[PDB]
């Protein structure tokens, strides 16, 4: 409805950081022309924060999870499992999720936890980001992401 995609990332290394905070958003908005909802730019944390996130996600055509190392450590995806309506949206397939992997999941628990997150998402697509080489304009990474986005 309102946005092409809701960007979900954590910001507290180096390449992964520049990718999630700059390259990814710039490519999507300035190169492809998508309209993103970026919390750090568009969301005012207030007393209805949890409700505002659920609403804004519902108003997005896609939910993008940028799984960088810090995102795994801080479990930046927790809110999507915490908020009842969001979790149901995920399980029911009301939300199409694009999970971009930017970290080799080191650790039994992290791996199984992430596996469990994926299993709660019906309309999920995972895209691997191998590194800076994937940043080059028109790379297989970008072609795949473009395909997964709306329009």
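Numbering follows the first chain given and starts at 1.
Engineer: Which class fits the unmodelled deposited stretch between residue 12 and residue 13: none, 1 to 3, 4 to 9, or 10 or more?
Structural biologist: Count of unmodelled residues in between: 4 to 9.
Engineer: Compare the mean C-alpha B-factor of 112 to 120 with that of 99 to 107 as given in the PDB entry, and name the stretch with the higher value.
Structural biologist: It is 99 to 107.
Engineer: According to the Cα B-factor stored in this entry, which of the following is highest: 36, 44, 63, 66?
Structural biologist: Each of 36, 44, 63, 66 was compared by C-alpha B-factor; the highest is 44.
Engineer: When the modelled residues of the chain are sorted by Cα temperature factor, does residue 57 land in the lowest, middle or highest third?
Structural biologist: Residue 57: CA B-factor falls in the middle third of its chain.
Engineer: Would you check the entry's CA temperature factor for residue 137 and let me know if it's in the chain's lowest, middle or highest third?
Structural biologist: Top third by C-alpha B-factor.
Engineer: Tell me, lowest, middle or highest third: where does the Cα B factor of residue 89 rank within its chain?
Structural biologist: Highest third.
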